[PDB]
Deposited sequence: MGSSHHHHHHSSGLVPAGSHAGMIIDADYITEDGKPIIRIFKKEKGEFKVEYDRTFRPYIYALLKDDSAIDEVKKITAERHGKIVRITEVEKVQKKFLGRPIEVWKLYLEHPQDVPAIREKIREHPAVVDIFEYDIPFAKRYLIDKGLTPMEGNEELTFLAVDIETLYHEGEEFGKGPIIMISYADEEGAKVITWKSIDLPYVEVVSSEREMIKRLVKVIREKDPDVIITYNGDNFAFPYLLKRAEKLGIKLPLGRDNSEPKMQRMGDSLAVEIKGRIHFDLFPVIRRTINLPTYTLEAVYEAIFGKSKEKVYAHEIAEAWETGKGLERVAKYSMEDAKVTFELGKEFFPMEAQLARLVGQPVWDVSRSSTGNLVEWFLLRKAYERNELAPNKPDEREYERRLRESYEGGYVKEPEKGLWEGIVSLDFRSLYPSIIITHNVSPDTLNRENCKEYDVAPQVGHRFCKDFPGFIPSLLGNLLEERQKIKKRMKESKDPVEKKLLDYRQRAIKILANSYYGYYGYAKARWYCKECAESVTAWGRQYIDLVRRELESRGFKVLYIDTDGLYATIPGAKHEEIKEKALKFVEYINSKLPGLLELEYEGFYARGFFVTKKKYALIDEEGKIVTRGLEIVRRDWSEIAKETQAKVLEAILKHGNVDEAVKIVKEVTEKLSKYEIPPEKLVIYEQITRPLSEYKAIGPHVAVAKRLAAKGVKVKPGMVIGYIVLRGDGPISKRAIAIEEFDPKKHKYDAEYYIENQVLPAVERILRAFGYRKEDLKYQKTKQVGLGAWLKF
């Protein structure tokens, strides 16, 4: 007796928390309320007698004192050992951060546990509730906005000039200037356009609102303009406004009762691109071109009133492709949510490490296993500093016909068979153990470890799904089950990396090294078997390898490689599996996770080399693209070296246009809060002194001028740069922009920074 859980949160009523579970039941929105769930933490005491002193600990919050409501002695498992801890109950979840350190402080408290779990996620776990279960069909709406922007303006100065939305009914634009198009709704003002978006969202009542970077652009901007205009945005199903949440240094927006699905973090994790522009992303997924209308063109069309039909078509397409992309990427996010038992909102905005931790926390509750704590700043830094033990340095030069092989589906099987877990590492009075090669870590065989045990169930569940897929005549369940087995593969293949994740609860350096040591025996086997087949291995890392058959035909390399994977998988026991990732026409390798390739369709794929960001000048970005194109598209490293020598000489002779020398960097604080004054801050302070309203979010465009001292004293605001009066710093653009951009790439061919000038 349940529908599909889409989210969960809590509200406070008479100072007491009420859990809200948002559900979709046979097409209808339902909200369930729970007033009975209580927040709690665990305390490990030196002796049971101490509970009388410990239960009397107090804190303060909201003018009122905070108390431990009730105490309960519980028997749990910690570090693969029985443990007795006290469950300390509180009235409100905001009581936990107020009292937890007062409890930890106590002389009779050995340690505290499970004290930083958000209340609604604590509820989902403890109540055994899993989001996104069932065949419930959700509704979707893509939303986008276009704003009037001028160089280096304060966030929200310019009005919103268009709002676009799309669904299965089509893509529409709301604007407040006359545009004669079938999909354009013309209203009287920015205020009436924002009120129309509110009306469209309330009427369509979508379960999912899809945006492209709506967390940082569309919704913060809508909220800023709504504030300036004195209007509300009752977008929540409870009529609440979209809520900005601070995630890192960037934002995350939640719309209560709905799933705000921002594609930007999703696409950034899923696919590898030098830029994540909507146009680049759409082309990568659907193989279709999308036209861009730049901010300066939008401003010119709006202010002049000429060429506005072009701007409205761009706004309409932004919503249309946002809808198509959302429908493409949501199914996998929905199955990952269900698998880890947390809402899509949170899961779509998480790293795989955090997905593993949410899976582990729920599994720990189900297995009565006390969860280890997250490290403190000291421990987190020490983990970042730790050195692991075990591949080779890449082959130099430009290689043709490159085959890509993936090793990742090897590691879950190694964790399971060798019982690699923090609870099985170096156990006292162990009867039988596995010793890791080289590294020598001992893993107890006496009981299955917490992680190996879960992994085995994950892998068995995936095999059952795959078996149901072969035996199914229904194409609808085959589709759903395919996303489910893919979600398990993604989660299982994230465990190896998680053991080494410095913020992990079940962090285990020895576990990660041991998996690396056992894994290496299979990587050495793959390498040897490839090499006896005539293959040259050009690059090897724990993730995979790149190989070619020097001087062979491309179809021969493919055929032999495909035959090779088929053969190795037949020799490797169990679920240990090698995967043929792909083929590349050309490629070069600099170091670990620093390489560049080109496929047979002419698409360039790189890792850890490209500088397509606003804080790098166009001259450096343009030169680097030209160097990569000379190498990968022309197969000519001599051309790439000549490109760099020409650009640097042209910079020396002041032959490069100043527009290609601009650096852009955002102001993120009040100017007095800066500890180190970088060039953009030095420029910003001068603007503020002139009367400019400098605020966090303002992007500073500057050019570095010739002179003595650090660059900060020699940087000028772009609007103040006069080509007649000012002279840019050619040495800075050569040595700090152009050469660093290309020196890593060209190192793969034997050139040093010094070889790239006349």
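Absence of C-alpha coordinates is noted for several segments of the deposited sequence, namely 1-19, 410-411, 780-793.
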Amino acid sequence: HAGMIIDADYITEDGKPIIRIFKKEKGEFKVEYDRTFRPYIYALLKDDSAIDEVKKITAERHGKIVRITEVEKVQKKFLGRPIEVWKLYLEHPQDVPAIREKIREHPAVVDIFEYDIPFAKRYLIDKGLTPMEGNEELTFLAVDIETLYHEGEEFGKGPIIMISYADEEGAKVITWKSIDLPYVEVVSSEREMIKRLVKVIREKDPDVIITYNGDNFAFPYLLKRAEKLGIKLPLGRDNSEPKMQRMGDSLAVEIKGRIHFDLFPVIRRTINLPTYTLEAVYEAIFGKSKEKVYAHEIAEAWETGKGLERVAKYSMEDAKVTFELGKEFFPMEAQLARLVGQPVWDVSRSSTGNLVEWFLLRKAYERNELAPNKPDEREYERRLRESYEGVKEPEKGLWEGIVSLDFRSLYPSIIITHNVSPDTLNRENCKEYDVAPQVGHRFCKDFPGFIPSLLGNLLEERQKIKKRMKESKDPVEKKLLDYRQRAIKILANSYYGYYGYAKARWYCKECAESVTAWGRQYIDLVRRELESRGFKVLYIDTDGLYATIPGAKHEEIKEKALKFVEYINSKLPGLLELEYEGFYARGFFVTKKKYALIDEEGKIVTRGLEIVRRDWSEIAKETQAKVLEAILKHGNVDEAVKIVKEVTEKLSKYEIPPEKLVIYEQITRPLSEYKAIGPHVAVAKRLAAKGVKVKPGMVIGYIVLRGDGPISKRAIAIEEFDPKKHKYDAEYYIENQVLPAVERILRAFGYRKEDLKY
From here on, numbers count along this sequence of modelled residues.
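Among other compared entries that model residues flanking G582, every one gives it coordinates, keeping it clear of the one-third cutoff. Per the compared records, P118 is resolved in all of the other entries whose models span it, so no third of them omit it.
On average the C-alpha atoms of 163-171 have higher B-factors than those of the other stretch, with 163-171 and 206-214 being the two compared. In this entry, the higher average B-factor at the C-alpha atoms falls on 540-548, of the pair 349-357 and 540-548. Note on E151, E510, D116, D262: the highest value goes to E151, judged by CA B factor as recorded. When the C-alpha B factors of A312, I255, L480, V340 are read from the deposited coordinates, the top value falls at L480.
Per the deposited record, the Cα B-factor of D14 falls in the highest third when ranked against the other modelled residues of its chain. Ranked by Cα temperature factor within the chain, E655 sits in the highest third according to the deposited record. Per-chain ranking of the deposited C-alpha B factor places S413 in the middle third. The deposited CA B-factor of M4 belongs to the middle third of values across its chain. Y40: CA B factor lies in the lowest third for its chain, per the PDB record.
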